[PDB]
Amino acid sequence: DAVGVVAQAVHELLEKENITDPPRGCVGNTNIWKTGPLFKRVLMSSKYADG
Amino acid sequence: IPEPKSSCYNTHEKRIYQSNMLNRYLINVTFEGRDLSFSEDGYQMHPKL
Amino acid sequence: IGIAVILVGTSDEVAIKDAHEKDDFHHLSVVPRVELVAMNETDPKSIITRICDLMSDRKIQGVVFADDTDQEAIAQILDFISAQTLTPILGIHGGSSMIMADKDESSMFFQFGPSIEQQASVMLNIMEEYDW
Amino acid sequence: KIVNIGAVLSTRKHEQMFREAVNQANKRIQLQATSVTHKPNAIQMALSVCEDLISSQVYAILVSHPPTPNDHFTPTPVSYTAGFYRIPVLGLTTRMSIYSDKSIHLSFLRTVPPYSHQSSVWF
Ligand SMILES: *[C@@H]1O[C@H](CO)[C@@H](O[C@H]2O[C@H](CO)[C@@H](O)[C@H](O)[C@H]2NC(C)=O)[C@H](O)[C@H]1NC(C)=O
């Protein structure tokens, strides 16, 4: 079910895709990734009906 | 008085000690004239605003 | 006992000059041994790394801390930290303290700032003493 | 640019389940699948989740529970980490209500309705 959710999320992510990265690496990139909450709204707004 | 924990993570396999009632007193301490009695639920008392 | 004042990437060498103080009284004060380890603006993983490493460096039986950041998460991180070794922590200069409602069962942590009830109380006092 | 995701269980064959997942996904660029472990004394659990997933470009994480009946705060030590930078994650097993608040955790997204809501069935 969950991977179906993330599937439905991915091909909708192309509609905006202005994230440009989720910041990886440990040190240095101490800044809230400026699309975390928005992508979270997207993911929690995933509508499917078959799991 | 207790002792520093041997490890932040490895001491867990040997973290066998008493139950600390610190807050039962640590909440209640005040000196240097200015009183700093704390709250149980986790914040100050008489806060300066 | 081991006490430190960790500094997360600021222009606050004022701290480097701060701890020169004097309140020696006839209390226990068995081993007051302060410590001043600054760091760059770093990540929570390295934050905790240094936290419990320096805790394990020489001695630690009580911790204080401050930083300069927005109100996001560092307090919550420290809050969990407080649990795993039964130790008090007192965040200060509350860019590192925008207080959190709930607390774990047996975490000896505390922080400054007002409880939201107290904010209500003070705003009511203001509303009061001007008669509207 | 292929999305990467890591979970936590002993049915590591769920990785192949994630391959079938990307199959049904592109059917409905690509999506990859990664996996991590579990350890007691969750201090290092944060260390591990950092070292193993923040190394790559995560987008969402998965963690069920240990069937060990402790189950009080076993999901937390990761709800905080990726909560920093606010990387969304997904919840599987535990059902306590603490993990629901929008002010203490910005990370949980719950698949199993927590014990709280079951009140209404009595109503
Ligand atoms: C909290 O601490 C105070 C003192 O800081 C306790 O107060 C009483 O005992 C003190 C001992 O010297 C006196 O100085 C105080 O005057 C006395 N209080 C009053 C009102 O007379 C207090 O009992 C403590 N309470 C708890 C719950 O810990």
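Residues numbered from 1 in each chain as written, not as in the entry; some residues may be left out. Chains lettered and ligands numbered in written order. Part of a larger assembly, values for the part shown. Heavy atoms only, no water. Residues with missing side-chain atoms left out of burial classes, pairs and counts.

If you check the PDB entry, chain D appears there as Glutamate receptor ionotropic, NMDA 1 from Rattus norvegicus.

The name the PDB entry gives chain C is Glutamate receptor ionotropic, NMDA 2B, with Rattus norvegicus as the organism.

K.L.:
What exactly am I supposed to notice about the interface of chain D and chain A here?
P.N.:
Often the size quoted for an interface is simply the accessible area lost on bringing the parts together. Contact residues are listed per partner, giving 21 residues for chain D and 25 residues for chain A. Within the residue set of the side of chain D that touches chain A, elements represented by two or more residues are α1 (14-27) and β3 (58-63) of chain D. Residue composition of the side of chain D that touches chain A, grouped by class: 15 nonpolar, four polar and two charged. (Contact = heavy atoms within 4.5 Å. Helix = DSSP H or I, 4+ residues; strand = E, 2+ residues; numbered from the N terminus. Nonpolar A, V, L, I, M, F, W, Y, C, P; charged D, E, K, R; others polar.)

K.L.:
Sorry, what's going on with the state of the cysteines here?
P.N.:
Two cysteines whose sulfur atoms are joined by a covalent bond form what is called a disulfide. Paired through a disulfide, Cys8 of chain B and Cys52 of chain C show a sulfur-sulfur distance of 2.0 Å. In this pair, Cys8 of chain B sits in the segment before α1 (22-26) while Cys52 of chain C sits in helix α2 (residues 44-55), so the two residues belong to two different chains. Left without a disulfide partner, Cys26 of chain A is nearest to the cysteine sulfur of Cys50 of chain D, which lies 6.1 Å away. (Disulfide = S-S within 2.5 Å.)

K.L.:
I'm lost on the pairing of strand β1 (residues 4-8) of chain D in this one. Help?
P.N.:
Within a regular strand, side chains alternate between the sheet's two faces. Residue and element names in this part refer to chain D. Looking at chain direction, β1 and β3 are connected through two bridges and run parallel. When the bridges of β3 are listed, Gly6 appears paired with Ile61. In this sheet, strand β2 (residues 34-36) lies alongside β1 in parallel orientation, the contact comprising three bridges. If you follow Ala7 over to β2, its bridge partner there is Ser35. (Pairing = 2+ DSSP bridges.)

K.L.:
Sorry, what's going on with the pairing of strand β1 (residues 5-8) of chain C here?
P.N.:
All names here are of chain C. One ladder, built from four bridges, connects β1 with strand β3 (residues 63-67); its direction is parallel. Paired with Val5 across the strands is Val64, a residue of β3. In terms of strand pairing, β1 meets strand β2 (residues 38-39) through two bridges, oriented parallel. When the bridges of β2 are listed, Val8 appears paired with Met39. Between the parallel pair β1 and β2, the chain is carried across by helix α1 (residues 13-18), and the sense of this crossover is right-handed. (Right-handed = clockwise from strand over helix to strand, strands pointing away.)

K.L.:
How should I be thinking about the interface of chain C and chain D in this particular structure?
P.N.:
If you look at the interface, chain C gives nine residues, while chain D gives six residues. Elements with a minimum of two residues in the side of chain C that touches chain D: α2 and α3 (74-83) of chain C. It is α3 of chain C that provides the largest number of residues to the side of chain C that touches chain D, a total of three residues. In the side of chain C that touches chain D, the residues fall into four nonpolar, two polar and three charged.

K.L.:
Just to check I follow, could you spell out the packing of aromatic side chains for this structure?
P.N.:
In this description, an aromatic ring pair is defined by two values, namely the gap between the centres and the angle between the planes. Ring geometry for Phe38 of chain B versus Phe112 of chain C: centroids 6.3 Å apart, planes at 50 degrees, classification tilted. Of the two residues, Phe38 of chain B is situated in the segment after α1 and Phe112 of chain C in the loop between β5 (110-111) and α4 (116-128); the pairing between them involves two chains. Taking 4.7 Å as the distance between ring centres and 90 degrees as the angle between the ring planes, the aromatic pair formed by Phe84 of chain D and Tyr85 of chain D counts as edge-to-face. An aromatic cluster is present here, built from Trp33 and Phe39 of chain A together with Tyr59 of chain D joined pairwise through their rings. (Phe/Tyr/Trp six-rings, centres within 6.5 Å; stacked < 30°, edge-to-face > 60°.)

K.L.:
What exactly am I supposed to notice about unusual backbone geometry here?
P.N.:
For residues that are not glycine, phi is negative in most cases, and the peptide bond is trans in most cases. Residue and element names in this part refer to chain D. Of note in the backbone geometry, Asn41 takes a positive phi value of approximately 55 degrees without being a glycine. Looking at the element boundaries, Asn41 is found in the loop between β2 and α2 (43-54). Despite not being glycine, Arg86 has its phi angle at roughly 50 degrees, a positive value.

K.L.:
Would you mind going over the sheet that holds strand β4 (residues 89-92) of chain C with me for this structure?
P.N.:
The strands making up a sheet associate through backbone hydrogen bonding, with each pair oriented either parallel or antiparallel. Residues and elements named next belong to chain C. Across the sheet, which stays open at both edges, the five strands sit in the order β2-β1-β3-β4-β5 with parallel pairing between neighbours. In the strand order of this sheet, the two ends are held by β2 and β5, each with one partner. Direction of pairing for β4 relative to β5: parallel, over a ladder of two bridges. In the sheet register, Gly91 faces β5, and the bridge partner there is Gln111.

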